[PDB]
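Q: coordinates only, no sequence provided:
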Ligand SMILES: Cc1cc2nc3c(=O)[nH]c(=O)nc-3n(C[C@H](O)[C@H](O)[C@H](O)COP(=O)(O)O)c2cc1C
Ligand SMILES: Cc1cc2nc3c(=O)[nH]c(=O)nc-3n(C[C@H](O)[C@H](O)[C@H](O)COP(=O)(O)O)c2cc1C
Ligand SMILES: Cc1cc2nc3c(=O)[nH]c(=O)nc-3n(C[C@H](O)[C@H](O)[C@H](O)COP(=O)(O)O)c2cc1C
Ligand SMILES: Cc1cc2nc3c(=O)[nH]c(=O)nc-3n(C[C@H](O)[C@H](O)[C@H](O)COP(=O)(O)O)c2cc1C
Ligand SMILES: [F-]
Ligand SMILES: [F-]
Ligand SMILES: [F-]
Ligand SMILES: [F-]
């Protein structure tokens, strides 16, 4: 593979149609899904020349750990959908690459098992109807050695994914939510209905600023709010004691018509003015895209779908190859842009084009 | 049906070509028709997170009544063109959904019959060559329980619809203007001529500000001016005593090259500064589009063509399904955007994209 | 015919390929040709409502005569290329429609014959290597009753039209420059060479501000400079005593990459501040386009290619039908936009869209 | 040939696939390659009229020599890839046309042989791992009569060209770096690897501002820094004693996502404020494009790929024809825009369009 696009092709070949659709799709007309890509394509970097490149390093320090790249694996539920080794394959590859891996509330292998892989993992939290269950997950994650809580704040319920509805998508019997008894709703086949959306509408409670404070009081770990797009919500996240935010429209899967995170990133970085880490996701598909995000001010990016393409295509080895490719592309882009460090990349200027 | 687009497909299947064209088409090169869609597609919402969503309500109060959604059925003439039950089917579904229905001057079932369905209806007025006839329609509408007069101000005569001209479109014998003897002109088949345009050029008189005052003096009902695009005309509408305006280019069917209402809406909302209700129409095709209109400042939207798609596809039941779908999409979009009420949605910010 | 586009289709059917190409084409990559259309398509009108339309008039006064529309037939050389009656057919139709007709220096019927048709014609001037010949043409035009001199200032030589070069285009033996002995160069067939471009490079001299003064001193008629795009050249035209200018890139046939006139029009109208008439051409293809040009501040437009489509399709009758269609579309657009006069249309606002 | 596009067609016919790809391609997704063209297409010239054109001259003085056009042949490595006469054919044609030719560090014929052709050549420098070798090349170039050193500053290593990787591109045995023993790395065939990229990663050292000073101290010739895009790097180039810069993203072959030079040119010209020559390259494909670059403030342009198309198509004669065509297109564009000199063209204004 010489690009991430090679991997999407490989994944489409192997995965069952309804599973590829569940992975690829967005909500509504998929306007926000497409806009994530369009928004990146419009950004051009103004590279610097003639700088010392004798020791280019792509490393960052974030949430108390050194990471090999300004990148982490995004939370993606139910990874056994894509390969039998699911989360274990991805976590092993991430560990070996020095990249943080985000363990999901709806992981198909238990959070303790995935944490046991090592690699100083993060944990993604959904707020559940039973608050105590969500707080218990936080404590389990901390006890297991997770280093940050990524609280997803953009899913009071799941968006309307028309591909999943048309397919009457449901989880196969062999894929379950391993962290708790989530019941059978996500496995029920109903015509024109997404079982996964039906399941979560029952299981999830809308999170509020009060929920954030409950989590912050329950752990010493940095709390990172994922799904922030409004400048005022980014400011409030800092005031609330968040250690970071992920500027994100959830891959175009939640509100159709939500602005891409990449379009809000610069304004958000200015408003928080170093008060927390500011990550971004949505459509990152190359090292050059990582560079663009960094130049707009991101601390790091998350990558979601491409990691699943790699997992579907070739399991752990596939994810390894994807991360090695991304690492090479990041080093390449940084050097060509005159940046010996990620901090230097954050000081690059950009220009919008057509 | 999982989207309004499903309904257009269904309607194209069933309707005769020239009737689908009469419904779908616009004037001239259809630039304004396309621009209504383009304009919405360029608007992105900046959603808010972490707000209380324990009682999301899509209701509004408008013209003295509670409506279930910030939406009404737009005036569409001659609904028997699309289904034998015509206006009665649509009005029944609107009533059951709690959505205002606009009864047309050129309805194919009498305004009194449609009003008898219930649901607190509005009445759309065209200014006719005989002024007394137009004022009599206003009084009939009020006597029948209509709750607002929607005075269409953008049709001094009908625009040039090339599809209708090429088709030599005329009304079938079984469709007539039930509110008065409109003569036979709209039924006459002439090559390269639209009988409907020929008919109205004879029957309609251009309305003026004097006509608005005559209507305002003739009724206690709120007068709503439909087809306002200039900021100064919106201001003047308030000064003239209008209870509302509909910012609209008449679905791209009148002046080809007229700006979309959605492009003028924000400026108009600022200029009237709460002095009347400001509605918008043109290309609303989802709950997310309703959200965009609200975020730009609209009090409510009108929906035209999709209601006729639903009527053509499955009669009253079709319209019911369309309104249930729109209601779900509106609730979904509002919640995902952090809005427990339509007032909160009006306070959302937006960003233009490409 | 219900649109001008109908006529282009008709003309492509009948004309020989190389003649249609000579008519349709532009210079270079045809960027400016396409941009003339793109530029109009991006302009949207903000129409006014509720104004008195009891006597809509499309008439203007220009260069001392009343014209039926804010439009004239653009100068187009060698009209016998398109129909045997050539300029006489077009001039007769223009006269009957009350539209000024521009007689060309390179007309294929003598200027005196075309003037004898009546209709108070204009005369287009090219500056020739022998200055006395150009001034003699001016005097002939004035003696024959022409009412303005349209001095083309954007053809120091002909642009590079790749269609004409590839076709090895040359005039047929039966088409000649009837106003003087122009020699045989335009009739010579040479591979990969445009004989018309070769001919004019020999015959034409670049015009200068001194040439303008020589013309202004030679006639009492208003001198109109055609092909102005720079604001400073428009100002200078007023200072030089021009009665008008035509803001124009010569239909995309001269400098490839020249800005469309419609893009410079507003700025030019502001800069001249009523000091001369400001016309525009390039891509006017409907009454709505006329309205857009007027709203941007034009006194009138010229129309070129569509008049030749009509002439090729059906001779004098074809041109008559085209002008009747344009007249109807102009009246329609004006009324729908709330304008009872062309002066009111000039006060309309516009908005750029995508 | 009537346009440069004719030549690309001819070249695609004759060249082996992997060689055409090596020539045509860019790095990554080829975003910057495409953007070079898009950026030029968006620029429109505002031409002037009525100026004296009795002696239009396309000549410039640059680096102490008169050039026939505001254009030079860009450095393109390994010209024997495209025709057996390689650099000698191109240099002879450039000499005969009065256009500077840039001899490459990686020329496939020795720099002394190419210089012996005459025509007052420039020399392009890459900084090599052995600094002394690079400085020796500078001295060789000066001794051989080269008139400027074009120091390429945007290749600390070669970008990721996916076409070359997929093709497993390597130089044929009959093409070598004639200026020094470059070893065998560029000739080694490895699957999924570009031998040329592998070769240069070993051979090249990243250049720094210290390298620029070492070169400036080693020669009396003007040093021109090629690959500057940041305004601050252009300013620093002047402060460093550069005689010129080439504003360039290396034809979209280095950082994918680098802004086009044409997008930075105006800002760069303003910032240097006459302190050095400012050239631009990337996508120049006509005399009209030369005019656009000049109007944005460039001293001259470089042309790369089209010169190789011409060389592949017809050797020395092909390059001659290309330069004659470009010369004619430049003269044509300048005159149509009212410019009797390149200095006048630099004073033209431009407007962005869509
Ligand atoms: C199949 C799938 C499952 C996901 N599951 C979660 C989840 O459980 N929690 C969460 O916060 N985000 C989830 N996401 C969103 C991603 O974390 C990420 O925001 C999104 O995929 C956009 O990045 P991308 O374009 O790189 O895919 C999921 C995305 C996909 C495609
Ligand atoms: C078939 C048809 C008939 C219409 N009849 C009327 C009418 O009688 N009065 C009126 O004010 N608008 C009329 N309209 C315009 C609509 O009320 C509305 O402004 C327009 O359809 C744009 O909304 P849409 O894109 O949702 O269709 C009609 C529209 C259509 C398509
Ligand atoms: C075939 C042809 C011949 C023309 N001949 C002349 C001419 O002799 N003098 C002149 O000033 N313009 C001439 N023009 C330019 C037109 O007057 C006008 O500026 C141009 O066609 C743009 O308008 P359009 O898009 O309506 O065609 C010619 C254009 C065409 C297509
Ligand atoms: C095949 C090829 C080889 C090149 N070799 C060099 C080189 O050795 N040194 C250099 O500075 N630029 C090199 N370039 C870049 C060109 O000098 C120029 O910047 C680029 O081709 C953009 O111009 P264009 O669009 O006219 O091709 C090369 C470009 C190509 C296509
Ligand atoms: F999830
Ligand atoms: F109607
Ligand atoms: F001509
Ligand atoms: F190279």
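A: That came through, no problem. Residues are numbered from 1 along each chain as shown, chains lettered A, B, ... in the order given. Ligands and ions are numbered 1, 2, ... in the order given.
Q: residue of the stretch 1-150 of chain A closest to ligand 3, please.
A: Proximity of the stretch 1-150 of chain A to ligand 3 (Cβ to the nearest ligand atom) peaks at residue A:42, 32.1 Å away. Backbone N, C-alpha and C define where each C-beta goes, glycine included.
Q: does that residue touch residue A:352 like I think?
A: Yes - Residue A:42 is within contact range of residue A:352, at 5.4 Å (criterion: Cβ atoms under 8 Å).
Q: so between those two, which is more surrounded?
A: Counted by other Cβ atoms under 10 Å in any protein chain shown, residue A:42 and residue A:352 do not tie: residue A:42 has more neighbours, with 17 against 11.
Q: enumerate every residue touching the more buried one.
A: Under the criterion of Cβ atoms under 8 Å, 6 or more residues apart in numbering or on different chains, the contact partners of residue A:42 comprise A:352, A:353, A:354, B:354.
Q: grab the nearest non-local neighbour of the third one.
A: What that stands for is residue A:354. Using Cβ to Cβ, 6 or more residues apart in numbering or on different chains and skipping the chain neighbours, the partner closest in space to residue A:354 is residue D:38 (5.8 Å).
Q: for that neighbour, helix, strand, or coil?
A: The three-state assignment at residue D:38 reads helix, by DSSP: H, G, I helix; E, B strand; the rest coil.
Q: state the distance from it to ligand 2.
A: As defined by Cβ to the nearest ligand atom, to the nearest Å, residue D:38 lies at a distance of 33 Å from ligand 2.
Q: with residue A:89 instead?
A: Distance from residue A:89 to ligand 2, counting by Cβ to the nearest ligand atom: 49 Å.
Q: which pair in the contacts of residue A:42 spans the largest distance?
A: Pairwise distances across the contacts of residue A:42 peak at 10.7 Å for A:353 and B:354 (criterion: Cβ to Cβ).
Q: now do the contacts for whichever residue of the stretch 201-350 of chain A sits closest to ligand 8.
A: Using Cβ to the ion, residue A:336 is the residue of the stretch 201-350 of chain A that sits closest to ligand 8, at 14.2 Å. Residue A:336 is in contact with A:47, D:154, D:156, D:157, D:159, D:254, D:255, D:258, counting by Cβ under 8 Å, 6+ apart.
Q: show me where the stretch 51-200 of chain A has strands.
A: Read by DSSP state E, counting those that start in this stretch, the stretch 51-200 of chain A holds these strands, from start to end of the chain: A:60-62, A:65-67, A:71-73, A:102-103, A:122-125, A:149-152.
Q: quick one: which of these is nearest residue C:21?
A: Closest approach to residue C:21 among the strands of the stretch 51-200 of chain A is made by strand A:71-73 (54.7 Å; Cβ to Cβ).
Q: got phi/psi on the residue of the stretch 201-350 of chain A closest to ligand 8?
A: Backbone dihedrals for residue A:336, given as degrees, to the nearest 10, come out at phi -60, psi -30.
Q: ditto for residue A:109
A: Residue A:109 adopts backbone torsions of phi -130, psi 140, taken as degrees, to the nearest 10.
Q: likewise for residue A:348?
A: In this entry, residue A:348 is assigned phi and psi values of phi -70, psi 150 (degrees, to the nearest 10).
Q: the residue nearest to residue A:354 against residue A:353, yeah?
A: Yes - contact status for residue D:38 versus residue A:353: in contact at 7.2 Å, counting by Cβ under 8 Å.
Q: overlap in contacts of those two?
A: residue D:260.
Q: write out the residues of the stretch 201-350 of chain A neighbouring chain D.
A: By Cβ under 8 Å from any Cβ of the partner chain, the part of the stretch 201-350 of chain A that sits against chain D consists of A:286, A:288-289, A:291-292, A:328-329, A:332-333, A:335-337, A:349.
Q: PyMOL command for the buried members of these?
A: What follows is the PyMOL syntax selecting those of those that are buried according to 16 or more other Cβ atoms under 10 Å in any protein chain shown:
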select buried, chain A and resi 286+288+289+291+292+329+332+333+335+336+337+349
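Q: partner strands of the lengthiest strand in chain A, with direction?
A: The single longest strand within chain A, with elements called by DSSP state E, is strand A:223-228. In the sheet, strand A:223-228 lines up against strand A:149-152 (parallel), strand A:244-247 (parallel) (DSSP bridges).
Q: quick one: residues contacting residue A:1.
A: With contacts taken as Cβ under 8 Å, 6+ apart, residue A:1 has the following neighbours: A:7, A:10, A:321, A:322, A:325.
Q: any buried residues in the helix or strand containing the third one, and which?
A: Going back to what we said before, that points to residue A:321. Per DSSP states H and E: residue A:321 is located in helix A:305-336. Taking 16+ other Cβ under 10 Å as the basis for neighbour counts, the residues of helix A:305-336 that come out buried are A:305-316, A:318-323, A:325-327, A:329-336.
Q: repeat for stretch A:152-172
A: With burial defined by 16+ other Cβ under 10 Å, the residues of stretch A:152-172 counted as buried are A:152-167, A:169-171.
Q: what of stretch A:143-154?
A: For stretch A:143-154, the neighbour count (16+ other Cβ under 10 Å) marks A:144, A:146, A:147, A:148, A:149, A:150, A:151, A:152, A:153, A:154 as buried.
Q: return the residues of the stretch 151-300 of chain A in contact with ligand 1.
A: Neighbours of ligand 1 within the stretch 151-300 of chain A, by Cβ under 6 Å from any ligand atom: A:152, A:226, A:248, A:250, A:251, A:281, A:282, A:283, A:284.
Q: so which residue of the stretch 151-300 of chain A comes closest to ligand 7?
A: The minimum distance from the stretch 151-300 of chain A to ligand 7, using Cβ to the ion, falls at residue A:263 (49.5 Å).
Q: now do the residue nearest to residue A:354 against residue C:28, distance only.
A: Between residue D:38 and residue C:28 the distance is 17 Å, computed by Cβ to Cβ, to the nearest Å.
Q: of the two, who's got more company?
A: Neighbours around residue D:38 and residue C:28, counted as other Cβ under 10 Å, are more numerous at residue C:28. The numbers are 26 against 15.
Q: now that one, what's its secondary structure?
A: Residue C:28 falls in the coil class when you classify it by three-state DSSP.
Q: and the residue lying closest to it once chain neighbours are set aside, how many residues sit next to it?
A: In space, not counting the residues next to it along the chain, residue C:28 is nearest to residue C:256; the distance is 2.7 Å by Cβ to Cβ, 6+ apart. Other residues lying near residue C:256 total 30 when counted by other Cβ under 10 Å.
Q: can you pull up the most central residue in chain A?
A: Closest to where the C-alpha atoms of chain A average out (Cα atoms, centre = their mean) is residue A:74, at 2.3 Å.
Q: tell me the residue furthest from the middle of chain A?
A: Of all residues in chain A, the one whose C-alpha sits farthest from the chain's mean C-alpha position, using Cα atoms, centre = their mean, is residue A:50 at 34.6 Å.
Q: any idea how far residue A:124 lies from ligand 6?
A: 54 Å (Cβ to the ion, to the nearest Å).
Q: find the nearest non-adjacent residue to that residue, please.
A: Beyond its immediate neighbours in the sequence, the residue positioned closest to residue A:124 (Cβ to Cβ, 6+ apart) is residue A:75, lying 3.7 Å away.
Q: what's the separation between that neighbour and residue B:48?
A: Shown here: residue A:75 relative to residue B:48, a distance of 21 Å by Cβ to Cβ.
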